[PDB]
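Below: the structure, in structure tokens.
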Amino acid sequence: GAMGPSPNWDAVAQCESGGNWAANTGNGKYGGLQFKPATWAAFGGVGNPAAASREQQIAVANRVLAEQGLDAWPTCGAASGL
């Protein structure tokens, strides 16, 4: 660190998906967050993060951090920004 870099929800999508918010890789993962479908089942399991825009997803994802834990995501986590 030097000064303090601003939190980046978009960059964290390129940390968990490393490509697309839709995650068109078929890894059973949605909202560019490598977040297990069995976990998303808490919010219905529905393709909500597949249809929800980047920022719309980050909103549901922000609450889903409390649902499963911040620890569910690796070193990458826009909740802290890094």
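To be explicit about the labels: the chains of the structure tokens are called A, B, and onward in the order shown, and within each one the residues are counted from 1, while ligands get numbers from 1 in the order they are shown.
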Open item on the list: Neighbouring residues of residue 48 in chain A were defined as those with any atom within 12 Å, considering only C-alpha atoms; residues of the same chain fewer than 5 positions away were excluded. Please report them as JSON, numbers by chain.
Closed with: {"A": [21, 22, 29, 30, 31, 37, 40, 41, 42, 43, 53, 54, 56, 57, 58, 59, 60, 61]}
Those selected residues, please, written with N, CA, C and O atoms and delivered as a PDB file, in the first residue's frame.
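Output contents, as saved in selection03.pdb:
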```
ATOM      1  N   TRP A  21     -19.595 -11.062 -15.898  1.00  0.00           N
ATOM      2  CA  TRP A  21     -20.594 -11.052 -14.801  1.00  0.00           C
ATOM      3  C   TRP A  21     -21.647 -12.172 -14.910  1.00  0.00           C
ATOM      4  O   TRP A  21     -22.017 -12.786 -13.915  1.00  0.00           O
ATOM      5  N   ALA A  22     -22.024 -12.519 -16.141  1.00  0.00           N
ATOM      6  CA  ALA A  22     -22.873 -13.697 -16.422  1.00  0.00           C
ATOM      7  C   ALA A  22     -22.197 -15.059 -16.169  1.00  0.00           C
ATOM      8  O   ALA A  22     -22.876 -16.047 -15.907  1.00  0.00           O
ATOM      9  N   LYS A  29     -21.784 -21.167 -11.519  1.00  0.00           N
ATOM     10  CA  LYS A  29     -21.496 -19.921 -10.783  1.00  0.00           C
ATOM     11  C   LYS A  29     -22.145 -18.728 -11.491  1.00  0.00           C
ATOM     12  O   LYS A  29     -22.246 -18.696 -12.717  1.00  0.00           O
ATOM     13  N   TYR A  30     -22.567 -17.769 -10.678  1.00  0.00           N
ATOM     14  CA  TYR A  30     -23.284 -16.573 -11.163  1.00  0.00           C
ATOM     15  C   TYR A  30     -22.784 -15.252 -10.562  1.00  0.00           C
ATOM     16  O   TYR A  30     -21.916 -15.245  -9.684  1.00  0.00           O
ATOM     17  N   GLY A  31     -23.202 -14.163 -11.222  1.00  0.00           N
ATOM     18  CA  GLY A  31     -22.890 -12.777 -10.810  1.00  0.00           C
ATOM     19  C   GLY A  31     -21.397 -12.444 -10.704  1.00  0.00           C
ATOM     20  O   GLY A  31     -20.987 -11.678  -9.836  1.00  0.00           O
ATOM     21  N   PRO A  37     -23.965 -22.458  -6.432  1.00  0.00           N
ATOM     22  CA  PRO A  37     -25.430 -22.398  -6.645  1.00  0.00           C
ATOM     23  C   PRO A  37     -26.234 -22.859  -5.416  1.00  0.00           C
ATOM     24  O   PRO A  37     -27.199 -22.204  -5.032  1.00  0.00           O
ATOM     25  N   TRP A  40     -26.455 -19.840  -3.241  1.00  0.00           N
ATOM     26  CA  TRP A  40     -27.479 -18.934  -3.809  1.00  0.00           C
ATOM     27  C   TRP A  40     -28.922 -19.425  -3.578  1.00  0.00           C
ATOM     28  O   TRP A  40     -29.861 -18.626  -3.574  1.00  0.00           O
ATOM     29  N   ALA A  41     -29.083 -20.735  -3.368  1.00  0.00           N
ATOM     30  CA  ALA A  41     -30.344 -21.363  -2.921  1.00  0.00           C
ATOM     31  C   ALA A  41     -31.004 -20.695  -1.702  1.00  0.00           C
ATOM     32  O   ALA A  41     -32.227 -20.565  -1.680  1.00  0.00           O
ATOM     33  N   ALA A  42     -30.192 -20.091  -0.829  1.00  0.00           N
ATOM     34  CA  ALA A  42     -30.672 -19.254   0.291  1.00  0.00           C
ATOM     35  C   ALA A  42     -31.538 -18.055  -0.159  1.00  0.00           C
ATOM     36  O   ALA A  42     -32.566 -17.765   0.444  1.00  0.00           O
ATOM     37  N   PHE A  43     -31.200 -17.516  -1.329  1.00  0.00           N
ATOM     38  CA  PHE A  43     -31.949 -16.443  -2.020  1.00  0.00           C
ATOM     39  C   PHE A  43     -32.839 -16.981  -3.168  1.00  0.00           C
ATOM     40  O   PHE A  43     -33.186 -16.251  -4.099  1.00  0.00           O
ATOM     41  N   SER A  53     -28.045  -6.852 -13.370  1.00  0.00           N
ATOM     42  CA  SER A  53     -26.889  -6.029 -13.799  1.00  0.00           C
ATOM     43  C   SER A  53     -25.755  -6.083 -12.764  1.00  0.00           C
ATOM     44  O   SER A  53     -26.022  -6.243 -11.580  1.00  0.00           O
ATOM     45  N   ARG A  54     -24.541  -5.765 -13.197  1.00  0.00           N
ATOM     46  CA  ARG A  54     -23.326  -5.771 -12.344  1.00  0.00           C
ATOM     47  C   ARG A  54     -23.552  -5.177 -10.935  1.00  0.00           C
ATOM     48  O   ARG A  54     -23.548  -5.907  -9.948  1.00  0.00           O
ATOM     49  N   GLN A  56     -26.589  -4.241  -9.650  1.00  0.00           N
ATOM     50  CA  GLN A  56     -27.792  -4.903  -9.097  1.00  0.00           C
ATOM     51  C   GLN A  56     -27.417  -6.219  -8.382  1.00  0.00           C
ATOM     52  O   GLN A  56     -27.884  -6.514  -7.282  1.00  0.00           O
ATOM     53  N   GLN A  57     -26.475  -6.943  -8.988  1.00  0.00           N
ATOM     54  CA  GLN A  57     -25.864  -8.156  -8.428  1.00  0.00           C
ATOM     55  C   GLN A  57     -25.083  -7.835  -7.144  1.00  0.00           C
ATOM     56  O   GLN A  57     -25.421  -8.385  -6.098  1.00  0.00           O
ATOM     57  N   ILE A  58     -24.200  -6.831  -7.203  1.00  0.00           N
ATOM     58  CA  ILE A  58     -23.382  -6.414  -6.036  1.00  0.00           C
ATOM     59  C   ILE A  58     -24.241  -6.104  -4.791  1.00  0.00           C
ATOM     60  O   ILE A  58     -23.817  -6.385  -3.678  1.00  0.00           O
ATOM     61  N   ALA A  59     -25.450  -5.584  -5.015  1.00  0.00           N
ATOM     62  CA  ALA A  59     -26.463  -5.356  -3.963  1.00  0.00           C
ATOM     63  C   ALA A  59     -26.902  -6.655  -3.255  1.00  0.00           C
ATOM     64  O   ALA A  59     -26.666  -6.821  -2.061  1.00  0.00           O
ATOM     65  N   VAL A  60     -27.349  -7.637  -4.041  1.00  0.00           N
ATOM     66  CA  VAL A  60     -27.757  -8.968  -3.524  1.00  0.00           C
ATOM     67  C   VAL A  60     -26.539  -9.692  -2.902  1.00  0.00           C
ATOM     68  O   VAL A  60     -26.612 -10.216  -1.792  1.00  0.00           O
ATOM     69  N   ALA A  61     -25.401  -9.573  -3.579  1.00  0.00           N
ATOM     70  CA  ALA A  61     -24.088 -10.083  -3.135  1.00  0.00           C
ATOM     71  C   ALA A  61     -23.596  -9.492  -1.800  1.00  0.00           C
ATOM     72  O   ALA A  61     -23.074 -10.210  -0.948  1.00  0.00           O
TER      73      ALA A  61
END
```
TODO: Measure the distance from CA of residue 35 in chain A to CA of residue 4 in chain A in Å and round it to one decimal.
DONE: 27.4 Å
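Relative to CA of residue 26 in chain A, CA of residue 64 in chain A is found at 21.0 Å.
When only C-alpha atoms are used to measure the gap to residue 9 in chain A, the shortest distance among A:51, A:75, A:33, A:69 belongs to A:33.
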TODO: Give me the residues within 6 Å of residue 17 in chain A as a PyMOL selection string, counting only C-alpha atoms and dropping any in the same chain fewer than 2 places off.
DONE: chain A and resi 13-15+19+32-34
